[PDB]
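Visitor: So for the sequence shown, the entry's author numbering puts the first residue at 42; every next one is plus one.
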Amino acid sequence: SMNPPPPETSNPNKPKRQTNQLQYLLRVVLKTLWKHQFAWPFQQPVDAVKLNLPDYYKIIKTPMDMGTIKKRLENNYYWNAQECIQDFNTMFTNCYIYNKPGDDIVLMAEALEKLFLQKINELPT
């Protein structure tokens, strides 16, 4: 029922890059999803205490959220675009795992994921 430490956003010994694809992931992908009307549940780690979801972190063992992704991008945490794309997909998958089809939160994730897919379809070479 308690919250775990959040995913790390800083690790000085992890090697880092600022590739054109990573810049696109921040300036296009993250920015588009972050401003969406349905972004709010995904803008920070799930607070299982405040939301009264005592089983959330029993089921979700690789938590991820756009607040974490935003900090990772702004902090140049990643080596490549695939790492960041994986974080987005982990976020969506966690939502679908924990919740039920048709739940409001699932419809919200689906809308954000549709935009995600549209933007990553134009990921620059």
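All C-beta atoms in this analysis are idealised placements derived from N, C-alpha and C, irrespective of residue type, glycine included.
Do the segment 95 to 102 and the segment 144 to 161 meet, that is, are 3 or more Cβ pairs less than 8 Å apart?
Guide: Output reads no: the segment 144 to 161 does not touch the segment 95 to 102.
Visitor: Mind checking residue 110: buried by the 16 CB within 10 Å criterion, or exposed?
Guide: Mapped onto the sequence shown, residue 110 falls at position 69. It counts as buried.
Visitor: How about residue 89 and residue 82: are their beta carbons less than 8 Å apart?
Guide: The count along the sequence shown starts at 1 and reaches residue 89 at position 48. The count along the sequence shown starts at 1 and reaches residue 82 at position 41. Result no, Cβ atoms of residue 89 and residue 82 do not sit closer than 8 Å.
Visitor: CA-CA distance, residue 55 and residue 108?
Guide: Position 14 of the sequence shown holds residue 55. Position 67 of the sequence shown holds residue 108. Rounded to the nearest angstrom, the two C-alpha atoms are 20 Å apart.
Visitor: Starting from the Cα of residue 86, find the closest Cα among 76, 97, 77 and give me that residue.
Guide: By 1-based counting over the sequence shown, the position of residue 86 is 45. Looking at the Cα atoms, 97 is the closest of the given residues.
Visitor: Roughly how many angstroms separate the alpha carbons of residue 74 and residue 84, rounded to a whole number?
Guide: Counting from one through the sequence shown, the residue named residue 74 turns up at place 33. Counting from one through the sequence shown, the residue named residue 84 turns up at place 43. In a straight line, the C-alpha of residue 74 is about 10 Å away from that of residue 84.
Visitor: Can you name the start and end residues of the alpha helix (DSSP H) that residue 152 belongs to?
Guide: The residue labelled residue 152 in the question sits at position 111 within the sequence shown. It spans 145 to 161 - the alpha helix (DSSP H) in which residue 152 sits, taken as one unbroken run.
Visitor: What do you get for residue 58, buried or exposed, if any count of 16 or more other CB atoms within 10 angstroms of its CB means buried?
Guide: For the purposes of this step, residue 58 is taken as residue 17 along the sequence shown, with counting starting at 1. Classification for residue 58: exposed.
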